[PDB]
>>> print(open('run_36.cif').read())   # mmCIF, N, CA and C atoms
data_structure
#
loop_
_atom_site.label_atom_id
_atom_site.label_comp_id
_atom_site.auth_asym_id
_atom_site.auth_seq_id
_atom_site.Cartn_x
_atom_site.Cartn_y
_atom_site.Cartn_z
N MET A 1 146.74 79.65 150.41
CA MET A 1 145.43 79.54 151.11
C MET A 1 145.56 79.98 152.56
N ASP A 2 144.60 80.72 153.02
CA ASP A 2 144.63 81.20 154.43
C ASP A 2 143.24 81.70 154.84
N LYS A 3 142.56 82.37 153.95
CA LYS A 3 141.19 82.88 154.28
C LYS A 3 140.15 82.10 153.48
N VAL A 4 140.46 81.73 152.27
CA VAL A 4 139.47 80.96 151.47
C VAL A 4 139.22 79.60 152.13
N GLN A 5 140.04 79.21 153.08
CA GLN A 5 139.83 77.90 153.74
C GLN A 5 138.65 77.94 154.71
N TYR A 6 138.55 78.95 155.54
CA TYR A 6 137.40 78.99 156.48
C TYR A 6 136.21 79.66 155.80
N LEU A 7 136.46 80.62 154.95
CA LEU A 7 135.32 81.28 154.24
C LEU A 7 134.54 80.22 153.45
N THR A 8 135.22 79.30 152.83
CA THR A 8 134.51 78.25 152.04
C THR A 8 133.78 77.29 152.98
N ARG A 9 134.41 76.92 154.06
CA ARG A 9 133.75 75.99 155.03
C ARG A 9 132.37 76.52 155.42
N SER A 10 132.28 77.80 155.66
CA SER A 10 130.97 78.39 156.04
C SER A 10 130.16 78.74 154.79
N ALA A 11 130.75 78.65 153.62
CA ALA A 11 130.00 78.99 152.38
C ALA A 11 129.07 77.85 151.97
N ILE A 12 129.43 76.63 152.26
CA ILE A 12 128.57 75.49 151.87
C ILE A 12 127.98 74.80 153.11
N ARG A 13 128.75 74.65 154.15
CA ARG A 13 128.22 73.97 155.37
C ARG A 13 127.09 74.80 155.99
N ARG A 14 127.28 76.08 156.12
CA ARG A 14 126.21 76.92 156.72
C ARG A 14 125.28 77.46 155.63
N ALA A 15 125.17 76.76 154.53
CA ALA A 15 124.29 77.22 153.43
C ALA A 15 123.66 76.01 152.73
N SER A 16 124.42 74.97 152.53
CA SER A 16 123.88 73.76 151.85
C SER A 16 123.44 72.69 152.86
N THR A 17 123.56 72.97 154.12
CA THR A 17 123.15 71.97 155.14
C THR A 17 122.12 72.57 156.11
N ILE A 18 121.94 73.86 156.08
CA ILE A 18 120.95 74.49 156.99
C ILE A 18 119.76 75.00 156.17
N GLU A 19 119.94 75.19 154.89
CA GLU A 19 118.81 75.69 154.05
C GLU A 19 118.20 74.55 153.24
N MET A 20 118.92 73.48 153.06
CA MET A 20 118.38 72.34 152.27
C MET A 20 118.86 71.01 152.86
N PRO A 21 118.60 70.82 154.14
CA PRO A 21 119.01 69.57 154.81
C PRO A 21 118.14 68.40 154.33
N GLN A 22 116.92 68.68 153.95
CA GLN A 22 116.03 67.59 153.46
C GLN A 22 116.26 67.36 151.97
N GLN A 23 116.58 68.39 151.24
CA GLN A 23 116.83 68.23 149.78
C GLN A 23 118.25 67.73 149.54
N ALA A 24 119.22 68.35 150.17
CA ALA A 24 120.63 67.91 149.99
C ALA A 24 120.75 66.41 150.27
N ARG A 25 120.13 65.94 151.32
CA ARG A 25 120.20 64.49 151.64
C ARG A 25 119.67 63.66 150.46
N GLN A 26 118.55 64.06 149.91
CA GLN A 26 117.97 63.31 148.77
C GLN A 26 118.85 63.50 147.53
N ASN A 27 119.27 64.70 147.27
CA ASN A 27 120.13 64.96 146.08
C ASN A 27 121.41 64.14 146.15
N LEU A 28 122.01 64.05 147.31
CA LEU A 28 123.27 63.26 147.45
C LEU A 28 123.08 61.85 146.87
N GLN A 29 121.86 61.38 146.84
CA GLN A 29 121.60 60.02 146.29
C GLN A 29 122.17 59.90 144.87
N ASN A 30 122.24 60.98 144.15
CA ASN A 30 122.78 60.92 142.76
C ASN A 30 124.22 60.41 142.77
N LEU A 31 124.95 60.68 143.81
CA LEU A 31 126.37 60.21 143.87
C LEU A 31 126.41 58.68 143.88
N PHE A 32 125.40 58.05 144.40
CA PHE A 32 125.38 56.57 144.45
C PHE A 32 125.12 55.98 143.06
N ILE A 33 124.07 56.40 142.41
CA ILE A 33 123.76 55.86 141.05
C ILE A 33 124.89 56.19 140.07
N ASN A 34 125.47 57.36 140.18
CA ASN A 34 126.57 57.73 139.25
C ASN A 34 127.76 56.79 139.44
N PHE A 35 128.25 56.67 140.64
CA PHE A 35 129.41 55.77 140.88
C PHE A 35 129.06 54.34 140.49
N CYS A 36 127.91 53.87 140.88
CA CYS A 36 127.51 52.48 140.52
C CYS A 36 127.49 52.34 138.99
N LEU A 37 127.01 53.35 138.31
CA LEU A 37 126.96 53.29 136.83
C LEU A 37 128.38 53.20 136.28
N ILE A 38 129.22 54.13 136.64
CA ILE A 38 130.63 54.11 136.14
C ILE A 38 131.39 52.91 136.72
N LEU A 39 130.96 52.41 137.84
CA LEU A 39 131.65 51.26 138.47
C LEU A 39 131.28 49.93 137.80
N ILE A 40 130.08 49.80 137.32
CA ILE A 40 129.67 48.52 136.69
C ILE A 40 129.82 48.56 135.17
N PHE A 41 129.72 49.71 134.57
CA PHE A 41 129.85 49.80 133.10
C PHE A 41 131.32 49.84 132.68
N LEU A 42 132.20 50.28 133.54
CA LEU A 42 133.64 50.32 133.16
C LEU A 42 134.12 48.90 132.82
N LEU A 43 133.43 47.90 133.30
CA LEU A 43 133.85 46.50 133.01
C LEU A 43 133.21 46.01 131.70
N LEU A 44 131.98 46.39 131.46
CA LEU A 44 131.30 45.94 130.21
C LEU A 44 131.98 46.52 128.97
N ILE A 45 132.30 47.79 128.99
CA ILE A 45 132.96 48.41 127.81
C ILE A 45 134.23 47.65 127.43
N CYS A 46 134.78 46.90 128.34
CA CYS A 46 136.03 46.14 128.04
C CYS A 46 135.70 44.83 127.32
N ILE A 47 134.53 44.30 127.53
CA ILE A 47 134.15 43.02 126.87
C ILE A 47 134.15 43.16 125.35
N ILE A 48 133.65 44.25 124.84
CA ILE A 48 133.60 44.43 123.36
C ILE A 48 134.97 44.84 122.81
N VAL A 49 135.71 45.62 123.54
CA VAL A 49 137.05 46.05 123.04
C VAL A 49 138.05 44.89 123.08
N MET A 50 137.90 43.99 124.01
CA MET A 50 138.85 42.85 124.10
C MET A 50 138.44 41.72 123.14
N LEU A 51 137.35 41.88 122.44
CA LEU A 51 136.92 40.80 121.49
C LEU A 51 136.86 41.34 120.06
N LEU A 52 136.41 42.56 119.90
CA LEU A 52 136.32 43.14 118.52
C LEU A 52 137.09 44.46 118.47
#
>>> encode(input="run_36.cif", output="structure tokens")
Amino acid sequence: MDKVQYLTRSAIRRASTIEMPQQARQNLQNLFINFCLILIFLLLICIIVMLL
């Protein structure tokens, strides 16, 4: 790596934050529900496997 490091930095930062600063902020919300889903369900799936 040597050029793909700065080329990528400007590929998303100067494209996904200047053209969709209002949408990207709202879309990022999906990261919260996804983690919370996998974070709370990873425990429930164990209740049935540890009993049946």
>>> atom_distance(input="run_36.cif", atom1="atom C of residue 29 (chain A)", atom2="CA of residue 8 (chain A)")
23.2 Å
>>> atom_distance(input="run_36.cif", atom1="CA of residue 11 (chain A)", atom2="CA of residue 32 (chain A)")
24.2 Å
>>> select_by_dssp(input="run_36.cif", residues="chain A", states="helix (DSSP H, G or I)", output="PyMOL selection string")
chain A and resi 4-16+21-27+29-49
>>> atom_distance(input="run_36.cif", atom1="CA of residue 51 (chain A)", atom2="CA of residue 35 (chain A)")
25.6 Å
>>> axis_aligned_box(input="run_36.cif", around="region 13-30 of chain A", padding_each_side="5 Å", output="JSON")
{"center_x": 122.4, "center_y": 68.7, "center_z": 149.9, "size_x": 22.7, "size_y": 27.6, "size_z": 24.2}
